[PDB]
Amino acid sequence: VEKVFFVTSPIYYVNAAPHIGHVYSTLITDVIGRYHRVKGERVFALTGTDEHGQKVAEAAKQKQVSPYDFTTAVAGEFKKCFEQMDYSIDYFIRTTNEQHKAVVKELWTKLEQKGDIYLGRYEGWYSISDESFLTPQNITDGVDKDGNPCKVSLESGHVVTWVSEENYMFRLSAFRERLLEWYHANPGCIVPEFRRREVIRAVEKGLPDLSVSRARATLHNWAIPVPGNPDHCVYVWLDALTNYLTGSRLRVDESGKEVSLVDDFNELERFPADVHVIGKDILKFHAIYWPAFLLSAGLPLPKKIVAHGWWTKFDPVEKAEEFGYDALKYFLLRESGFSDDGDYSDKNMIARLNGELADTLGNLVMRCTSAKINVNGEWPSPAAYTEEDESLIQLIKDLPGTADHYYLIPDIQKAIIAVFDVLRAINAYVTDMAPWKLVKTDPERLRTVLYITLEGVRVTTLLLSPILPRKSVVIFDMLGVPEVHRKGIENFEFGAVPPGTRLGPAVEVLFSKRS
Ligand code: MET
């Protein structure tokens, strides 16, 4: 199928202000989106806020404001944050939106008509902070915000409470075999692989039915009513997960306001998601519940769920103002793969800013554009190639395919490492050929050295443009790369910018080192 590449972040609870967690998740969503745009594909990237439920209403009660005022305010803080971080998200969704609620009711009704929702009881533990049902084996002893003796979640260490309610139940138990078929048939559907193994183990152990409504009193009436039963409200997670479906059905104008909700998801060619970006703490909701609902409704399943090492639930805008926006994005994407084992100190931030961005990339951009070395201020025409020239060229030609596979996994840290390996190689080659000497001794040779250098800088910069969107534009301007050559798989190929291309005007640092 030729469809719109549909990439999502989770929608974030509005009990608290935006923070690094949310910023991180949306950054990954943004980068994936950007990579596919650079590739030349149609892209719809989605982010947003999760505004209903017990947790949000209780956060609004603490602040002595109405849930409507509170959620609207906090949503605005998330919107301002994501504008400031310089993302390129196509739409920001809110679960308070009327069109979203329509879709929730449609979906609810569909599940009901298939006999997959019945009236039942849930008697068990529940974390209000995670909005998660827990069995007794996922709880242990602990303390609260004061220090009294209570029970807590093994998942998250938040306080749990016993709940005994008549609830609408979804027949999740009936989807165990079909979920297991899905996991085995599509062995890259959950990334990384060890989290895929976690999910499969859990589903193999057995699946209880899932409570999908709560009594309206318990939610402080801050929730979507169940169709044809106003004493019950729809479970915040069914309401939340459905944002992806809603998003896939909203037509959106040139300034990002929703204007129309289509009946059939196929009209916009977005659903199902190609990638759901999530934190590790919401894996079960996305890999177990969400597909079970979709199977029940006869809707298509997402292709990939990528679960990163961070939790979903250190001020980024402050650090971006201190070290640069692109540099901060580079650091977060480079420093952490799929575990929490990463060093986010100012020491390490500066180490990578100076080491990799300034000395490796920045230096190299200045070398191939400086008037000392590139005297004609143009892309020269190469002479014949030595075997050492060819070895570097081979690396540059192989890089797009290698990075493409990493971005598609998706493993953004590995994509960056691949590019920088080539950058290190190019630097080694330059040091070796010493082109500063060649301006005097051997002009014919310098043409070849300089051309290869420029073209390596271009190709690496193209593949880095989803990570450093602003700086990539600065680099391409210095190199004098025409706009048409700054995207499209065509321009991943070696030799795309012809010799004779004039460099851009000089002024002037790309990344400046710090103490
Ligand atoms: C369907 S994604 C919902 C994520 C949840 N609101 C959270 O903050 O973790």
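Going by this note's numbering, the letters in the sequence shown line up with residues 246 to 760, in that order. C-beta: ideal position from N, C-alpha, C; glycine also.
Check whether residue i and residue j have beta carbons under 8 Å apart
i      : j      : result
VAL504 : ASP498 : yes
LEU490 : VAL348 : yes
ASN488 : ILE256 : yes
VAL702 : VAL610 : yes
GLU623 : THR746 : yes
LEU417 : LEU452 : yes
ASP389 : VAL404 : yes
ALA670 : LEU724 : no
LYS525 : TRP556 : yes
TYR371 : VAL408 : yes
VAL283 : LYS732 : yes
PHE538 : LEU356 : yes
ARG459 : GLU410 : yes
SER500 : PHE516 : no
Spatially closest choice to residue i from the options, by CA coordinates
i      : options                           : result
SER615 : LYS564, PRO750, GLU601 and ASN736 : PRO750
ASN511 : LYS525, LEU544 and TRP535         : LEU544
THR294 : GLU700, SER254 and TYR332         : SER254
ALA532 : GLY298, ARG442 and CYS613         : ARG442
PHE337 : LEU464, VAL408, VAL252 and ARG459 : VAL252
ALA660 : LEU668, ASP649, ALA670 and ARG669 : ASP649
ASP722 : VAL694, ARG282, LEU699 and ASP586 : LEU699
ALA741 : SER760, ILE641, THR647 and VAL752 : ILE641
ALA290 : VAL283, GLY278 and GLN299         : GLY278
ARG692 : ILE618, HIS345, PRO627 and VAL704 : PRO627
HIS553 : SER581, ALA679 and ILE334         : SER581
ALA572 : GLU753, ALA603 and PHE530         : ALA603
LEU528 : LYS617, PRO714 and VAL436         : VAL436
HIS281 : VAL268, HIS477 and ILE334         : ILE334
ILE265 : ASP643, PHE576 and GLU753         : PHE576
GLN299 : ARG612, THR463 and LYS564         : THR463
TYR589 : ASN608, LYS617, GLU566 and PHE559 : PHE559
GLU689 : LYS359, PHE739 and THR631         : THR631
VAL704 : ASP391, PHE739, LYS502 and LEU399 : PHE739
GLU376 : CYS395, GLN358, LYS350 and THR406 : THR406
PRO714 : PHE583, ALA304, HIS465 and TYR570 : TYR570
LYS685 : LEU653, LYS617 and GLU735         : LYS617
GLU735 : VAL246, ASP677 and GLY285         : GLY285
Own chain residues within Cβ distance below 7 Å of residue i, not counting five before or after
i      : result
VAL301 : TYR258, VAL259, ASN260, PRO312, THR316 and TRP467
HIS297 : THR340, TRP467, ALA468, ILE469, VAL481 and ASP484
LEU709 : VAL664 and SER717
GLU322 : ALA262 and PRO263
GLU601 : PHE665
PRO680 : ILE618, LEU691, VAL694 and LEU695
Bridge partners - residue i, DSSP secondary structure assignment
i           : result
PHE415      : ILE362 and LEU455
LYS549      : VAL520
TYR257      : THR294
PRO470      : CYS478
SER505      : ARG496
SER377      : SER372
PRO394      : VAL388
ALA460      : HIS477
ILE435      : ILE550
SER409      : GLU368
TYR630      : Answer is none; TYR630 lacks a bridge partner.
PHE337      : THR292
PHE568      : Answer by DSSP bridge pairing: none, since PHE568 is not bridged.
residue 768 : Lying outside 246 to 760, the shown extent of the chain, residue 768 is not represented and no answer is given.
Cβ shell of residue i (< 6 Å), same chain only, five flanking positions each side left out
i      : result
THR354 : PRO472
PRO645 : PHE737
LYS248 : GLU514
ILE523 : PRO255, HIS531 and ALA552
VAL319 : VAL259
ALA304 : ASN260
Cβ separation of residue i and residue j, assumed to be a contact under 8 Å, to the nearest whole Å
i      : j      : result
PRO561 : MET330 : 7 Å
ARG287 : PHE250 : 6 Å
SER456 : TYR367 : 4 Å
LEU668 : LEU707 : With 8 Å as the limit, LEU668 and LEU707 do not qualify as a contact, their Cβ atoms being about 13 Å apart.
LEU486 : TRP427 : 16 Å between Cβ atoms; not a contact.
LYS548 : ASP519 : 5 Å
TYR413 : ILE362 : 5 Å
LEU695 : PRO625 : 5 Å
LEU748 : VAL719 : Not a contact, Cβ separation roughly 13 Å.
Close-in-space but distant-in-sequence residues of the same chain around residue i (CB under 8 Å, 5 per side omitted)
i      : result
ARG759 : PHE568, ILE595, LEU598 and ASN599
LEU578 : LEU272, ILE273, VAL276, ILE657, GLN658, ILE661 and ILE712
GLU343 : none
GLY402 : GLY387
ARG421 : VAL448, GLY451 and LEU452
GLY365 : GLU411, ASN412, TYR413, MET414, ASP454 and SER456
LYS324 : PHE337
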